[PDB]
Structure formats: C-alpha cells, structure tokens
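Engineer:
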Amino acid sequence: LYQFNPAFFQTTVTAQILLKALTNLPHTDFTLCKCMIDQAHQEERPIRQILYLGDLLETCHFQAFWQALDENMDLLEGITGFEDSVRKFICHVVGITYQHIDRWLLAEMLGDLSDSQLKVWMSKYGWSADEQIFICXXXXXXXXXXXXXXXXX
Amino acid sequence: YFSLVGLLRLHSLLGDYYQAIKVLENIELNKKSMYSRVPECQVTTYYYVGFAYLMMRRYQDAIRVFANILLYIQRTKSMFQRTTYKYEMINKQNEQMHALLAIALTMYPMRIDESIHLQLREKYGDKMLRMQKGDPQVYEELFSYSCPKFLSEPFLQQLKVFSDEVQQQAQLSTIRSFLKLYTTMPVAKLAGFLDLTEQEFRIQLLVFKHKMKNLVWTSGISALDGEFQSXXXXXXXXXXXXXXXXXXXXXXXX
Amino acid sequence: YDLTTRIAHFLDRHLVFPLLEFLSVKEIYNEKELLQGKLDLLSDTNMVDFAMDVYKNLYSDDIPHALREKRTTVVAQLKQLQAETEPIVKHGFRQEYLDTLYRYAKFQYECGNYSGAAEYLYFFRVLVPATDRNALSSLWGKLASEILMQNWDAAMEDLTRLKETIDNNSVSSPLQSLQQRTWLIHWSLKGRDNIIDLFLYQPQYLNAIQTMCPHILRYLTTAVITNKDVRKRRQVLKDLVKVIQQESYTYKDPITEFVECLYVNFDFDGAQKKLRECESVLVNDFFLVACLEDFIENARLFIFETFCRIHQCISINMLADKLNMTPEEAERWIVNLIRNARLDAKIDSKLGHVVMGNXXXXXXXXXXXXXXXXXXXXXXXXXX
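Residue numbers (the deposited numbering), protein chains in the order written: chain K, 53 to 183, 186 to 190, 1000 to 1016; chain L, 271 to 422, 438 to 515, 1000 to 1023; chain E, 4 to 93, 121 to 219, 227 to 395, 1000 to 1025.
1. Using the three-state DSSP reduction, which class does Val-391(E) fall into: helix, strand or coil?
2. For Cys-85(K) and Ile-69(K), which I take to be in contact (beta-carbon distance under 8 Å), what is that distance rounded to the nearest angstrom?
3. Does DSSP put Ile-333(L) in a helix, a strand or coil?
4. For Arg-139(K), which residues of its own chain have a beta-carbon under 6 Å away from its beta-carbon, when the five flanking residues on both sides are left out?
5. Enumerate in chain order the residues of its own chain whose CB-to-CB distance from residue 222(E) is below 6 Å, with the five nearest sequence positions on each side excluded.
6. Just grab the DSSP bridge partners of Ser-507(L) for me.
7. Report buried or exposed for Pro-471(L), applying the criterion of at least 16 other Cβ atoms within 10 angstroms of its Cβ.
8. Closer than 8 Å, Cβ to any Cβ of chain L: which residues of the stretch 114–141 of chain K, in chain order?
9. Bridge partners of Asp-385(E), per DSSP?
10. Could you check which residue in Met-362(E), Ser-46(E), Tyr-300(E) has the C-alpha nearest to that of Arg-71(E)?
11. For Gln-209(E), count neighbouring C-beta atoms within 10 Å of its own C-beta (all shown protein chains included) and say buried if the count is 16 or more, exposed if not.
12. Closest by CA to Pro-58(K), which one among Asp-81(K), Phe-117(K), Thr-80(K), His-93(K)?
13. Would you mind working out which of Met-179(E), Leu-205(E), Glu-140(E) sits nearest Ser-167(E), comparing C-alpha positions?
14. Is it buried or exposed, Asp-290(E), if we count other Cβ atoms within 10 angstroms and call 16 or more buried?
15. Quick one: what's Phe-513(L) bridged to in DSSP?
16. Assuming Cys-350(E) is part of the beta strand (DSSP E), what are its boundary residues?
17. Helix, strand or coil for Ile-340(E), going by three-state DSSP, please let me know.
18. Using three-state DSSP, classify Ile-153(K) as helix, strand or coil.
19. Given that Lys-383(E) touches chain L, what residues does it touch there, using C-beta distances under 9 Å?
20. Look up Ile-187(K) in the DSSP assignment and give the residues it is bridged to.
21. In chain order, what are the residue ranges of uninterrupted beta strand (DSSP E) at least 3 long that sit wholly in the stretch 291–354 of chain L?
22. Need the endpoints of the alpha helix (DSSP H) that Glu-36(E) sits in, please.
23. Contact check, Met-401(L) vs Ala-455(L) under 8 Å by CB: the rounded distance?
24. Taking DSSP as the reference, what is the three-state secondary structure of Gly-477(L)?
25. Which residue from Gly-106(K), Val-172(K), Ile-131(K), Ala-181(K) puts its Cα closest to that of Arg-155(K)?
26. Taking C-alpha atoms, which residue in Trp-118(K), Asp-164(K), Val-65(K) lies nearest to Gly-130(K)?
27. Between the C-alpha atoms of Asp-322(E) and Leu-466(L), what's the straight-line distance to the nearest angstrom?
28. Contact defined as beta carbons within less than 8 Å: I believe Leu-475(L) pairs with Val-501(L). What is the distance between those atoms, to the nearest angstrom?
29. Tell me which residues share the same chain as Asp-331(E) and place their Cβ nearer than 8 Å to its Cβ, disregarding the 5 neighbours each side in the sequence.
30. Can you list the residues of chain K that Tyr-467(L) reaches, using a CB-CB cut of under 9 Å?
31. Kindly indicate if chain L contains any beta-carbon less than 7 Å away from that of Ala-367(E).
32. Tell me whether the beta-carbon of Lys-356(L) lies closer than 7 Å to the beta-carbon of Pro-309(L).
33. If you reduce the DSSP assignment to three classes, tell me which class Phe-141(K) lands in.
34. Compare the C-beta of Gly-389(E) against all C-beta atoms of chain L and say whether one is closer than 7 Å.
35. So with CB distances below 8 Å, who are the chain L contacts of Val-145(K)?
36. Using only CA atoms, which one of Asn-300(L), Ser-303(L), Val-313(L) lies nearest to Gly-276(L)?
In structure tokens form, the structure reads like this:
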C-alpha cells in the first residue's frame, strides 16, 4: 500500500515491519519486505540503518550486529522480545555451524550475556558443557555386466 | 496471454515483484497457439519467464526459457541452436535477451562461452575473464566502467541492486572451489588465500562464515590448535559408466 | 676479479669511468684501483667536474695545467660551434643544422653537461632527413644520455619511438642495441619477467655499446632464474637451457653457466653457493647492485618451492643440517619468505618439522572424472 500510495508511507510502521521480519529469520520474510520497498525509501533514515543491521544478521556477523545495535534505540522499545528473537536465529545458526564452541564465545555472540543468561539459552536447545559447553551387491554386479557389454558393442 | 505478459511487464517496470510473479504463474499457456500466430510471441514469453527466474532466487527456470527463446549451451556441452524464423527486430530483441541471460547463464554452470556472441566486444568477454581470475578488483572495475549498461527507467533501477547482489555471490564461488578435500590444513595457507578477499579479518570470520553457508566444509575451526581439519563411491562409479555408455550410444546411433 | 679487464671490457665511457667510481664508492673508499684508474681515465677527456671530483680527496692530486687547458679549449669550442650553428640556421641546409645539433650534443656530453647534451641531441628531430638514420640515431643518443642520467622511462620511450619507427632492417643489430637498452630499462624498473625475455632474445655478435657481453649473460641468466612467477619450465628450459644463441653469452661467464645448470638440475645448494661467492662482485655491478638481494632471495624461494612441493612431510632440522647452509639461517629465510605468501610452507622452527599440503579425496578424483565426462558429452552434441 505504501509503494502504491507514496503519500501514506509511514516510517515507524515500515521500520517495525522490517524489524519484525528480521525476528523471523532464517525465513525469507526480511528479503520479501525489501522487495516491497523501492531504493529511494530504503535509503532514508532510519530504514537505511535498519537494513544495515539486517545485513549484519543475514551475513551472520553477530558480534558486529550487537555492537552496531544502539541498544537504547527508540523503535526497539516497543518491539517485545526483539532481542531474544534475534538470539533464536543465532542459536539456529550455531546449531548448524558448530560442533563445539567456547562458552565465552557463545555468550558474546548472543549479545554479551552473563553466565546465568547464557545458561537459559543452552538449556533451551539442550546444549551442555563438556571440557566447555556441550553442543553436539548383486545388482551392482549386474550393472557392471551391462555396462561392459555396451562398451564391447 | 500476450496482454497478461505485457501487463505483467509493465507492472514490473512500475510494479511490485510478487504480484508480477503471480501473474506469471497464471500466464503460461499452450505453446502451439503462439507458434501458429507468430514466431516472436514465444520468444517474448521465454523472456518473461527468464525475468521471473531472475527475480526468483533460482536461475534454473529462466535458464531453460531463455535457451528456448534463444539457443544456449546444453548440459554435456552440446550447442543449442535456435530458429531464425522470427522477424529481425524480434531476433535483435532475442539477442538482447540472450545477453541478459548470460548473467543467469553463468550462474547455471560453465564456463567461458561467447562463441555465439561476437568476439570483438570486451563488455561480456572481459566480465568472463574477471570471473575466471577470481579477483574482485577487476570485477569491481568492470562494473565501474560499464556503469552505463547497468543503468539502462532510472528510478526503476536507481541503485543497481541486482548486479551488486550477483557480484557478491560470484566472489564466493572460487573459495569453495578449493572445496576442502584436506583432512587438516595449515592456518597460514588459509590466511594467504583469505587475505586476497577485501576484509583482512574475514578468514577468522570469512572462513567461519563460509562454513555457515555450507558450500565448503571446515574442520577444527576455532580450535586451540588453530589448524583446520578437512557404497557411495560405487554409486558414483556406476554413474560415470552410465555416461560413457550414453556417449557411445549417441556415437553408434549417429 | 681484476679491474683492468673489467674496465677494459666495457666500451662505453660512462661504464669506463662511472663504473670505476661506483666500485670505489660502492665497496671501499680506501682501495686504489677505483680511484687511480678513474683519475687517469678522466684526465684523458674534457670533463673537469669529474676531474674536479678526482682532484678532491680520495682522488688523484689536482693539477692546474689539466683544468685550465680543458676549460679554455672548451670556451673556444663553444664559441666556434655557436657561430657555425648561427650560420647554418641563417646556408638553409638541414644536414648542416643537424650536424650542429649533434655536434653541440657531443660537445655538451664530453663536457659532462648531460641535460644540454640531451636537449641539443633531440633538437635534431625536425631537421632529420630520414627517420631511420637521422631519427633512429637520435634515438640511440637520447638512449645513451638517458641511461647516463638515470631515467629509464625515457629510455623505453625512445626505444618505442625507434622500434615503432616504420623502417626496420633484420640484418642490422641495432635490433640488438635496442633489445639491450630495453632490457636495461626493465631491469632498472616480483620479478619483471621482461628484462630476461629481452636479454635472452638475441646476440648481435657486434659490440653492445650499452651492455657488456658478460653483462648480458649475467643479467639475462639471473633475471630469468629468479622469475618463478613468470618463467615457464621452457623459460628455464626453452628460453635459457635450450637456447643455443644465448649459449654464446653464457660461455663468457662460466660461473653463471654452471650456476644455472646447477639450478635446473636440482642442486640448489651448489647454485646458492656459487651465488654467495659471486655476491661481492655483483654488488660491484653498477646496474645490478640494487637488485642483487632481491634476485638471490627469489631464487632461494624457488628452490624451496621445488623442495617444498615434492615432499608432503619435511624434516626441517635435518634439511638445515643437510642444507650445506646453516639450519637457523635457512629457517629465518623461510620465515621471511612465508608472510609474503611466496611459500605455502607449514613450519614451526621449534619443532623443526615442516609440512606442506597441495572421503573428500576420493570425491575429488570422482569430480574430475565427471568433468571429463561432461566435456565428452559437449563434443558429441557439437558433432550432432
């Protein structure tokens, strides 16, 4: 509706839609929303900034994400569970890309959590510390015969 | 159907991606009516399909539709030759479509084909060489110089978005091409190779990121040591034997 | 090596004196040979600036008669030429004017004022009767003066003006001369991979003027050997070992010949000992001096690569002991080489163990097989 009726473009609603889309990664939500916003609008504040943050998440640069994330950002205050939703995506990626992982590193990637908070996420996905946090004939013959015959022929 | 295709194209030029995709999904209709009425209409439909594929993450569907509209190099590397029946202006449009397809085509497989395309132009051949080189610095410069081609409406393509996305995928492929195959790899060798990539810190990050993608597999990454570790076979062999037989059959039949 | 023969060997005046002054400045201030011969040689000519330098300490004692005569004869010659050129500009003949420009060039050159020698040398451009002789010789001159003023850019420029010029004769060496100048420019400007291509290309069989016959053998040889990035197996084999013509130059300096035979034959220790031996002499070479450390290091890196690719696992300590060069030094060299990314050597000095690597493996071979199958299929399609 905003793309088709430009005068109605609402910055806050657009930003919330994009942020909520990010909370739904690894799904394609965030990418679909981008398909629905033209270049001019993507380049405007704070849409540009939000897309930049999303980019850090998509490219899985988690440390950079948390660093660049203005924790006290206005738009984030009303988006309930935003930070934890992001963590779910991170744990989704971690469960796929690591066999074992340093306890300190995981807490960093999850947004510099206390040991107590880290425990909450390890518990949620069933990860445990080890040494560290524990995370994780006849037919063939016939075929050859045929192939051989074909070759001979 | 032609009205739908034209309308969809208009929407795409001034229109949102998903609605156009839905129109394309309705849009396909028997080949034969189009073939009887004119040569060109089929080519236009193929071009539309290619555009949808380009909008779509997969380049496979568009690769087929474009080749049918225009001749394309086949799997098993045999030339695909298109009919010249369509009116010359239409044929020129088809050639333009083929030029567009190269972008889809490069993603589909391999490797350095421009034989159908004119030898003299460096616009496409140069791009092919840069991809072969595996170094961005040449790739980036190719975009920079042929900035004009990308632009060709300006609002419709304000930011060059698609080309940049494509280039970033293109940069990743070469690293996967080493594709591990080593049980255990020295860190320094990896650093030297990852150093070439623009970010210095990417290998600590760039290497781990690659693992997340899953194009290439890294073992022992993030280790204290710091050195990466890196029936089915029978099936593969059987597959090869099959291909050999197929080639022989075609030879005999010929 | 004896100086008499070296100085004697090079035809060029700049080599004759500039080389002596280099050897003197380059190695030891104290040694007599660089200064005595340069003194005596300068006193044979019209340049009092060089003569003045000789007069200065570390130089032969100043003589009043030598300077006054040179100086006065110069004043006279300059007046003469000035007039003659005045008159030639005013008989309206191109050849005479060209000679005057050339003669002012000669006069300035011998007088040691190089900028002017160049200017008046190229002023003969307009009055050239023909490009090939009037113009190409102008080139040879700008080339001499540019080499001596140390701008090798300009050398390449007049090399492309000369060899770009439409009339070329196969029989004439000047091809040879220009090859030598280009080679020299490349060498002065990783490995160039141009210098060697040039030097290796031909021998006139006539005096170089620009390059010592030994100089071409050594420059070609070392530049080539150090071109790992550029050099083909042929480049080691095709353009040097198999190259019969270049053999002529090579037989001139046999230590270099054996150095190359050693490298090509896989005895890199022998090769590097030759190099260590010659290093002190090669640091005396006026053109080579600046590149010596680079070329030798590159050769060492190439040798390591040859050793390094052929063995999956290496006993580094044993290699250092069995190297014929000190193990610690070898380790240090390897460490220096590695960061550059020249070597993919996986090395811990302390371990003394070195390891370089060039279902997964099985899949690799399978992949290759599939690749070939694809090509075959393509051919079949083409046939159809």
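Beta carbons: idealized from backbone N, C-alpha and C, even for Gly.
Structural biologist: Taking the geometry as given:
1. The residue you call residue 391(E) lines up with position 354 of the third sequence. Strand at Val-391(E).
2. On the first sequence, position 33 is the one that residue 85(K) refers to. On the first sequence, position 17 is the one that residue 69(K) refers to. That pair is a contact at about 6 Å.
3. As a working mapping, residue 333(L) is identified with position 63 in the second sequence. DSSP, reduced to helix, strand and coil, places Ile-333(L) within a helical segment of the structure shown.
4. Residue numbering aside, residue 139(K) sits at position 87 when the first sequence is read from its first letter. Scanning its chain for C-beta atoms nearer than 6 Å, with the 5 sequence neighbours on each side dropped, one finds around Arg-139(K) the residues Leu-162, in chain order.
5. For residue 222(E), nothing is modelled; it lies in the interval where chain E passes from 219 to 227 with no residues in between.
6. To locate residue 507(L), count along the second sequence from 1; it is residue 222. Within the DSSP secondary-structure output, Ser-507(L) pairs in no beta bridge.
7. Along the second sequence, read from residue 1 onward, the residue named residue 471(L) stands at position 186. With 16 or more Cβ atoms within 10 Å of its Cβ, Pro-471(L) is classed as buried.
8. Correct list: empty, as no residue qualifies.
9. On the third sequence, residue 385(E) is found 348 positions in, with the first residue counted as 1. Beta-bridge pairing links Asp-385(E) to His-390(E).
10. Start at 1 with the first residue of the third sequence, and residue 71(E) comes out as number 68. Comparing Cα positions, the closest option is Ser-46(E).
11. Reading the third sequence from its first residue, position 179 is the one you call residue 209(E). Residue burial is scored here from C-beta neighbours: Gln-209(E) has at least 16 other C-beta atoms within 10 angstroms and is therefore classed as buried.
12. The sequence position of residue 58(K) within the first sequence is 6, counting from 1. Nearest of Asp-81(K), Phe-117(K), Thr-80(K), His-93(K) to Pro-58(K), Cα basis: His-93(K).
13. On the third sequence, position 137 is the one that residue 167(E) refers to. Residue nearest to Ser-167(E) within the set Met-179(E), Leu-205(E), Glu-140(E) is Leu-205(E) (criterion: CA-CA distance).
14. Your numbering for residue 290(E) matches position 253 in the third sequence. With 16 or more other CB atoms across the displayed protein chains lying within 10 angstroms of its CB, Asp-290(E) is buried.
15. For the purposes of this step, residue 513(L) is taken as the residue at position 228 of the second sequence. Its beta-bridge partners are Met-470(L).
16. Here residue 350(E) refers to the residue found at position 313 of the third sequence. Residues 350–352.
17. Here residue 340(E) corresponds to residue number 303 of the third sequence, with the count starting at 1. Of the three classes helix, strand and coil, the one that applies to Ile-340(E) here is helix, per DSSP.
18. Here residue 153(K) corresponds to residue number 101 of the first sequence, with the count starting at 1. Strand at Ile-153(K).
19. On the third sequence, residue 383(E) is found 346 positions in, with the first residue counted as 1. Ordered by position in chain L, the residues that pass the 9 Å Cβ test against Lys-383(E) are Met-470, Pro-471, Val-472, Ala-473, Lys-474, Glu-512.
20. Numbered from its first residue, the first sequence carries residue 187(K) at position 133. Its beta-bridge partners are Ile-153(K).
21. Fully contained in the stretch 291–354 of chain L is no beta strand (DSSP E) run of length 3 or more.
22. For the purposes of this step, residue 36(E) is identified with residue 33 of the third sequence, where counting begins at 1. 35–45 is the span of the alpha helix (DSSP H), which, as asked, contains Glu-36(E).
23. Here residue 401(L) is taken as the residue at index 131 of the second sequence, counted from 1. Here residue 455(L) is taken as the residue at index 170 of the second sequence, counted from 1. In this structure, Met-401(L) and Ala-455(L) form a Cβ contact; the two beta carbons are roughly 6 Å apart against a cut-off of 8 Å.
24. Position 192 of the second sequence, counting from 1, holds the residue named residue 477(L). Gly-477(L) falls in the helix class under three-state DSSP.
25. Taking the first sequence and counting its residues from 1, the one referred to as residue 155(K) is at position 103. Nearest neighbour of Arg-155(K) by Cα position, chosen from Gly-106(K), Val-172(K), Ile-131(K), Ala-181(K), turns out to be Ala-181(K).
26. Here the question's residue 130(K) lines up with position 78 in the first sequence. Residue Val-65(K) is the option with its Cα nearest to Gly-130(K).
27. The residue you call residue 322(E) lines up with position 285 of the third sequence. The residue you call residue 466(L) lines up with position 181 of the second sequence. One alpha carbon belongs to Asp-322(E), the other to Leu-466(L), and they sit about 49 Å apart.
28. Indexing the second sequence from 1 puts residue 475(L) at position 190. Indexing the second sequence from 1 puts residue 501(L) at position 216. Contact between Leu-475(L) and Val-501(L) does not hold, since the beta-carbon distance rounds to 11 Å and is not under 8 Å.
29. On the third sequence, residue 331(E) is found 294 positions in, with the first residue counted as 1. Closer than 8 Å at the Cβ level, and outside the excluded window around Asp-331(E), lie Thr-263.
30. Sequence index remark: in the second sequence, residue 467(L) carries index 182 (1-based). Residues of chain K with a Cβ closer than 9 Å to the Cβ of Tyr-467(L) do not exist, since the nearest Cβ in that chain sits about 18 Å away.
31. To locate residue 367(E), count along the third sequence from 1; it is residue 330. Proximity of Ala-367(E) to chain L, defined by a Cβ-Cβ separation below 7 Å, is not satisfied.
32. For the purposes of this step, residue 356(L) is identified with residue 86 of the second sequence, where counting begins at 1. For the purposes of this step, residue 309(L) is identified with residue 39 of the second sequence, where counting begins at 1. Taking 7 Å as the Cβ cut-off, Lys-356(L) and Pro-309(L) qualify as a contacting pair.
33. Taking the first sequence and counting its residues from 1, one reaches residue 141(K) at position 89. Reduced to three states, the DSSP call for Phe-141(K) is helix.
34. As a working note, residue 389(E) is residue 352 in the third sequence. Taking 7 Å as the threshold, the shortest C-beta distance from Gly-389(E) to chain L does not fall below it.
35. Your numbering for residue 145(K) matches position 93 in the first sequence. By Cβ distance, chain L contributes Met-497.
36. Here residue 276(L) refers to the residue found at position 6 of the second sequence. The option with the nearest alpha carbon to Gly-276(L) is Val-313(L).
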